[PDB]
Structure formats: structure tokens, C-alpha cells
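Structure, as C-alpha cells:
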Amino acid sequence: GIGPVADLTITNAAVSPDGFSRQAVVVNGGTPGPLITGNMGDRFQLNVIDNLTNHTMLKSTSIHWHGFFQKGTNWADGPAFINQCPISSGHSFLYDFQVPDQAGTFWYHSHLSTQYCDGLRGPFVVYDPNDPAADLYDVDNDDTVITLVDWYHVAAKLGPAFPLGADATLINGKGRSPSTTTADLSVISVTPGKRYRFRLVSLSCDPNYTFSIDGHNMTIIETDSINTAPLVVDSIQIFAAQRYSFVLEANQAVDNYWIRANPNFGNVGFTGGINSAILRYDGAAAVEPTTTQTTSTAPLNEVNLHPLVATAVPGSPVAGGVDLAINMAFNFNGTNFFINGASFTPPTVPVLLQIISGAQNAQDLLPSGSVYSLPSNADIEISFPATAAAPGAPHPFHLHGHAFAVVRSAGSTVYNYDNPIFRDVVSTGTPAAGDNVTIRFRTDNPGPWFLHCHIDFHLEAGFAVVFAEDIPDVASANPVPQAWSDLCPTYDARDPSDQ
Ligand SMILES: Cc1ccc(C)c(N)c1
Ligand SMILES: [Cu+2]
Ligand SMILES: [Cu+2]
Ligand SMILES: [Cu+2]
Ligand SMILES: [Cu+2]
């Protein structure tokens, strides 16, 4: 892939991953952006060159590196109006951060409005030179990365506020729509007897996917960048922005096998080969598979996921047994989402800048009602009670700057204070199951961090909140480069359309 130091030139271009031509936001020439890679400990210097020209998809841009804690570099997190002002067309900005005690599968994508739905998204992998699970597989490179994308024929700002289905699922950049069943599919090669570490990443904007491979099992060894105890699975339900590394042994008869990624809504099923890709054993003919899907008897269940290494759940083994506990009461009034009676709306001055400029607490920070103060070095517990007042469930919630422990998973009434996995994106389940997904984390990273549903269309509608973590240490902990301090002046000078 493209080493720790690289340029990411953003432009507009007509594209047709599913056979349908449409203008989009492209990175270095392609929508599923280029795979970015590096090793644990590597310093990353990703220069984002904004050469966009299309206002309707927004000439401005900002990029978030999903999963990375960005400790000491809160200004490079990406969230527009949270940690920075957007980059302006004709300008470039350098994201320069280090990745220390982190290694696994991630991705990058615009964090400006719904722009990542229009194409600014790509996979990001950080290898571990001494990976604990290295002995469990033979191949792990550019070809074992699998990306899932919900592709729309209509641009994000031109279609419905809430699409309710993508025209086609893209696996590794390719796929078919009910109207383009002869479009080329992605092919993933495996050689007999070899074990592969496949890195499954959802770059989705709304759909969650039920992923499976005909005739093959899958051993999960990673969830959202956290090393996981090996778990043999039949199928994987992956929500927006989640990731899973699973080992697959090419131990079946040399042949072509269907790789399925069935979305929860939109064009479901596999008629005409949609929502599909191809697993091709060396020696197999270049033809479509004809293998049949069988019933899943070992579905992945988050509750069955455990950290590879013993990792203590912050706080105490009791409900609320924590320093600060917060419940997120979800709501919707039609066009907009709410969290604790507030509907997020981007402030003009980015929250990081507000704090650097003197912001002393939650009351000062804007927008009002969407910011929470978090004391440093403390245990936090948050609950997301599924309420039908919030349509669109299951809502995958995401926390920036930290990995959290899922003490209670969707579709379960258990509270695990001893063995829960840690991850950064979690499904908050749904209301007939009486779900009440609950997570915990320790405030070990000073700075303002976003917390929101990763269904971009819901984020755009205000389904978000901001955590102002340890406000006093914020400015000192996150020194900002000149280029960052210039972002806002150059962005605010732009005319509404001359974006
Ligand atoms: C409001 C609303 C209704 C239905 C779905 C599937 C989403 N995402 C959002
Ligand atoms: Cu993130
Ligand atoms: Cu994200
Ligand atoms: Cu949502
Ligand atoms: Cu985010």
C-alpha cells in the first residue's frame, strides 16, 4: 500500500463501480480510496490535497482516521467544526500523527457532512511486526483487505435525507445493482492450503451487512482494532465503520465461491449476483460461482468476543460503579435527531479552537446542550437505551479518541464486567428486544471528542454529541501547527457557494 508518508489528492470524477456512471468524490483517482498502510509505531504524514471543484458534493473536505486515538494530536482527528475547520479547495493540509500502542484494521473518510457517502473513504491498515496471531495465518497484504460500501446512484445532498437503501453493495470497490447484473465483480484469490488474514472493513454510510462465504468458516482474531481471542464463526453481521480480521483457510475444493454481503435494507438478496463478490481458488476457472448459501449455525455474537489479552473493565463490577455515568435518551421529531433533548448542529468556531481560545467549561462550549465535560483519569459508563422514538435502529454509535468496553451488547441482557471486548463502534440494538447497550472507557486522552451514530445520514441530522475531555489540559496537551490555525480564516472567507 502507500507508506506512512503519502499524498491524498481529492478530486471529482465520473465513476461506475456498479456499472452506473455518476460523479463522485475520489481519492488519488478512485472512490474506494487507496489502501493506506504502515507499521505500529510509525509516524503518519498524510498530506490531503483538496482539488475538488464540485460544490454539491462540497469543495471543502476534512478527513478522519477511524480508530486512531490521536493522543496529543486532537487537531488531526478530522470532525469538521469539532477539531478543525474544513480544508478549502485549492489548498492542502497535513495530517501528521503517530500510531504507538495501536495496530489492526482501520479506515479513513471525510468527516464533513455526508461527503464520505459521495466517495471520500478508504481502508487503513497498521501492521504489527510482532503480531501475536501471526502464527495463525500465511498471507496478509493488500489483497486480503475487504471493503464494504453502500453505493448510491444519486448524490448524498440530492437524494432523500434518509435514503432507506443503497442501489448497490460494493465489495472491494465493485458490485452490481438490480439494473446492472453484468457489471464486473471483485475477485479475491486464495491458494490451496494457505491461511489468509482477511481484514473486513465497513466503509458504509447506513447499511449493516451480514457477511458470509459459501463453504467456508471464519476465525475472528480482531474486532475494531482490538486483538480478539480466536472465535470460529459462520457469518458476520458488521455495522457501519466496524472492522473484523478473520482467518480463512483455503481448504475446500478448488472452485469459485460466492462472497455475500447482504444489507439490512435496500436491495437485499443475491438475484443477478448483487451484494456479492468472488472467492477464487488458484486453478478455478474465471467464471461466476454456483455454490449455494447454507444456513448460518455459528453467527457472530458480540457477546462471544473477548480481548486476546486480559483487559480490565474500567470502574467496578456494578451498574454505575464508575466515576461519571451518563444515559443517552434518544429522540426524533421528523427531520432531526436528538440526544438528551438536543439536536447537534455544527458551531462556526470548531470546538478545539473554542477551548484553545479560552473556553472553560461545557456551558461556554457551543453548540449548547451537545457538549459534556469529562474529568481526566476517570472511569466513564454510557448507556444507549433503544427507544422507538429514534427511527433507523439499530444505530451504530461511535466514540472518537478511545476504544470502549461493551459491558452490555445489543440483543443481550447480560452485563459483563470481567470479559467484554473493547471496540470503537457498537450497535445499540433495537426496542422490541428492550436493548440497553452500555459501554465504558477511561478518560486518558485530553481533548474534544465526537460521539455519534455512524449512520452518516443520522449524523447529518444531529444525532451526535461532543465530549470535552479534561478541558484544562486540552490546549497544552494538543499543540497545533500553523497550518491548522490558518484553516478557519481561509474557510470562513469563502463564499457559501464558492466553497
Ligand atoms: C428516519 C430513518 C427511517 C428508516 C432508516 C433505515 C433510517 N436510516 C433513518
Ligand atoms: Cu472515529
Ligand atoms: Cu468514522
Ligand atoms: Cu443512527
Ligand atoms: Cu466520527
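Quick note: the sequence shown uses the authors' numbering, first residue 1, plus one each step.
The beta-carbon is built from N, C-alpha and C at its ideal position, and this holds for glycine as well.
### Task
Could you tell me if the beta carbon of residue 464 falls within a distance shorter than 7 Å of some heavy atom in ligand 3?
Translated into the one-based positions of the sequence shown, residue 464 becomes position 464. Not a single heavy atom of ligand 3 lies less than 7 Å from the C-beta of residue 464.
### Query
Anyone know if the C-beta pair for residue 128 and residue 40 falls short of 8 Å?
For the purposes of this step, residue 128 is taken as the residue at position 128 of the sequence shown. For the purposes of this step, residue 40 is taken as the residue at position 40 of the sequence shown. Residue 40 sits close to residue 128, with the two beta carbons spaced by under 8 Å.
### Query
Contact between the region 161-171 and the region 71-79: three or more CB pairs below 8 Å?
No, because fewer than three Cβ pairs between the region 161-171 and the region 71-79 fall closer than 8 Å, the two stretches do not touch.
### Query
With 16 other CB atoms within 10 Å as the buried threshold, where does residue 469 fall?
Counting from 1 along the sequence shown, the entry for residue 469 is found at position 469. Classification of residue 469: buried, given that the 10 Å Cβ count is 16 or more.
#### Entry: Pick from 480, 264, 438 that is closest to residue 319, judged by C-alpha positions
By one-based count along the sequence shown, residue 319 stands at place 319. The shortest Cα separation from residue 319 among 480, 264, 438 belongs to 438.
### Query
How should residue 265 be labelled, buried or exposed, when 16 other C-beta atoms within 10 angstroms of its C-beta is the threshold for buried?
By 1-based counting over the sequence shown, the position of residue 265 is 265. Answer is exposed; the Cβ neighbour count stays below 16.
### Message
Between residue 402 and ligand 5, is there a pair consisting of the residue's CB and a ligand heavy atom that are separated by less than 7 Å?
### Response
Within the sequence shown, residue 402 is the residue found at index 402, counting from 1. No, Cβ of residue 402 sits at least 7 Å from all heavy atoms of ligand 5.
### Query
Counting Cβ pairs closer than 8 Å, one from the region 385-397 and one from the region 453-466, do we hit at least three?
Yes, the region 385-397 touches the region 453-466.
### Task
Take the Cβ of residue 287 as the centre, count every other Cβ of all protein chains shown within 10 Å, and call the residue buried at 16 or more, exposed below.
Counting from 1 along the sequence shown, the entry for residue 287 is found at position 287. The residue in question, residue 287, is exposed, as its Cβ has fewer than 16 Cβ neighbours within 10 Å.
### Query
Can you name, in chain order, every residue of its own chain whose Cβ lies under 7 Å from the Cβ of residue 445, other than the five neighbours on each side?
Taking the first residue of the sequence shown as position 1, residue 445 is located at position 445. A distance below 7 Å between beta-carbons, with the five flanking residues on each side excluded, links residue 445 to the following residues of its chain, in chain order: 69, 71, 401, 402, 469.
### Task
Closer than 5 Å is what we want: which residues have a beta carbon that near any heavy atom of ligand 3? List them in chain order.
Listed by position along the chain, the residues with Cβ atoms less than 5 Å from a non-hydrogen atom of ligand 3 are 66, 241.
### Message
Less than 8 Å between the C-beta atoms of residue 279 and residue 257, yes or no?
### Response
Residue mapping note: residue 279 aligns to position 279 of the sequence shown, counting from 1. Residue mapping note: residue 257 aligns to position 257 of the sequence shown, counting from 1. A contact, by the Cβ cut-off of 8 Å.
### Query
Taking the C-alpha atoms as reference points, what is the distance between residue 221 and residue 360?
Stepping through the sequence shown from its first residue, residue 221 is reached at position 221. Stepping through the sequence shown from its first residue, residue 360 is reached at position 360. The C-alpha of residue 360 is placed about 42 Å away from the C-alpha of residue 221.
### Query
Would the beta-carbon of residue 99 fall within 8 Å of that of residue 126?
Reading the sequence shown from its first residue, position 99 is the one you call residue 99. Reading the sequence shown from its first residue, position 126 is the one you call residue 126. The beta carbons of residue 99 and residue 126 sit closer together than 8 Å.
### Query
Does the distance from the C-beta atom of residue 250 to that of residue 281 stay below 8 Å?
If you number the sequence shown from 1, residue 250 lands on position 250. If you number the sequence shown from 1, residue 281 lands on position 281. Pairing residue 250 with residue 281 gives a Cβ-Cβ distance under 8 Å.
### Message
Assuming residue 477 is part of the beta strand (DSSP E), what are its boundary residues?
### Response
Counted from its first residue, the sequence shown places residue 477 at position 477. Run containing residue 477: none in the beta strand (DSSP E); it sits in the alpha helix (DSSP H), 471-477.
### Message
With a threshold of 8 Å, are at least 3 pairs of Cβ atoms found where one atom belongs to the region 143-159 and the other to the region 110-127?
### Response
With a cut-off of 8 Å, the region 110-127 and the region 143-159 count as touching, because enough Cβ pairs lie within range.
### Task
Classify residue 363 as buried or exposed, calling it buried when 16 or more other Cβ atoms lie within 10 Å of its own Cβ.
Counting from one through the sequence shown, the residue named residue 363 turns up at place 363. It counts as exposed.
### Query
Smallest Cα separation from residue 157: which of 23, 419, 189?
Against the sequence shown, residue 157 aligns to sequence position 157. If we check each option's Cα against that of residue 157, 23 comes out closest.
### Buried versus exposed call for residue 327 [16 or more other C-beta atoms within 10 Å across all chains shown]
Working through the sequence shown from its first residue, we reach residue 327 at position 327. Residue 327 is exposed by the Cβ-count criterion.
### Query
Taking 7 Å as the cut-off, is the CB of residue 458 close to at least one heavy atom of ligand 4?
In the sequence shown, residue 458 corresponds to position 458, counting from 1. At least one heavy atom of ligand 4 lies less than 7 Å from the C-beta of residue 458.
### Message
Do residue 417 and residue 313 count as a contact pair if the criterion is CB distance below 8 Å?
### Response
Counting from 1 along the sequence shown, the entry for residue 313 is found at position 313. Counting from 1 along the sequence shown, the entry for residue 417 is found at position 417. Contact flag set, yes.
### Task
Taking 8 Å as the cut-off, decide whether the C-beta atoms of residue 208 and residue 396 are in contact.
On the sequence shown, residue 208 is found 208 positions in, with the first residue counted as 1. On the sequence shown, residue 396 is found 396 positions in, with the first residue counted as 1. Yes, they are a contact pair.
### Message
Here's the rule: buried if 16 or more other CB atoms are within 10 angstroms of the residue's CB, otherwise exposed. What is residue 285?
### Response
Against the sequence shown, residue 285 aligns to sequence position 285. Looking at its Cβ environment, which holds fewer than 16 other Cβ atoms inside 10 Å, residue 285 is exposed.
### Query
Just how far apart, CA to CA, sit residue 335 and residue 161?
Taking the first residue of the sequence shown as 1, we reach residue 335 at position 335. Taking the first residue of the sequence shown as 1, we reach residue 161 at position 161. Approximately 8 Å, taken between the alpha carbons.
### Query
Could you give the C-beta distance for residue 225 and residue 411, rounded to a whole number, given that I count them as a contact under 8 Å?
By 1-based counting over the sequence shown, the position of residue 225 is 225. By 1-based counting over the sequence shown, the position of residue 411 is 411. With a Cβ gap of about 23 Å, residue 225 and residue 411 do not count as contacting.
### Contiguous beta strand (DSSP E) assignments of at least 3 residues, all confined to the region 175-248
Qualifying beta strand (DSSP E) stretches, in chain order: 187-190, 195-202, 209-213, 218-223, 226-233, 236-238.
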